[PDB]
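Everything on this sheet refers to the single structure shown next.
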Amino acid sequence: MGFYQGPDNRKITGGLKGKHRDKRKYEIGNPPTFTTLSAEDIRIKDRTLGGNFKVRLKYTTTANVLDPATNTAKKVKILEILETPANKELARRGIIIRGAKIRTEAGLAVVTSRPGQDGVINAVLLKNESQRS
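Shown next, in the form of structure tokens:
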């Protein structure tokens with residue numbers, strides 16, 4: 007009870023600290039080179055490509071002329087039927103009936119059998135031109 011000094015407060019300013027200036031560290035510079043290709047490699051599989059398959063021989067329409075003079079049966083190509091059978095329109099296709107005249111690379115022959123599995127109709131040479139009258 008008389009006199010007493012009150013709470014004296016001062017400003018303790020001790021923030022005397024500077025920062026630093028920043029430079030480059032170790033940043034990624036140049037990128038690496040690239041790969042080439044495999045185009046020519048695929049072109050080497052492309053160059054060695056195979057050829058093409060060939061053709062086959064087929065069954066030509068034949069008449070099996072037994073030649074009575076030589077007594078030997080032969081396969082000669084069919085020209086045409088001359089003496090018209092009842093089944094002429096079928097004999098055009100080559101379905102000829104026994105007794106109808108036909109021309110072969112041999113001569114005039116008469117069909118003496120039915121059409122074979124080859125489409126080969128057996129015939130016999132009459133050893134002359136049979137007069138159609």
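Take our numbering: the last position of the sequence shown gets the number 139, and nothing is skipped along the way.
Just so you know, even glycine gets a beta-carbon here, dropped at the ideal spot from N, CA and C.
Check: Which runs of the alpha helix (DSSP H) fall wholly inside the region 46-121 and span at least 4 residues, in chain order?; Outcome: 94-97
Check: Any contact between the region 47-64 and the region 94-108? By contact I mean 3 or more CB pairs, one from each, below 8 Å.; Outcome: no
Check: Ignore the nearest five residues each way along the sequence and tell me which others in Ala129's own chain have a CB closer than 7 Å to its CB.; Outcome: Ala69, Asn70, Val71, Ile108, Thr110, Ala115, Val116, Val117 and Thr118
Check: Given a cut-off of 8 Å on the beta-carbon distance, is the pair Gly113 and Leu85 in contact?; Outcome: no
Check: Tell me, please, which residues DSSP counts as bridged to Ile127.; Outcome: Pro121
Check: Straight-line CA distance for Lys80 to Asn58?; Outcome: 35 Å
Check: I want to know whether the region 24-40 touches the region 88-106 - three or more CB-CB distances under 8 Å.; Outcome: no
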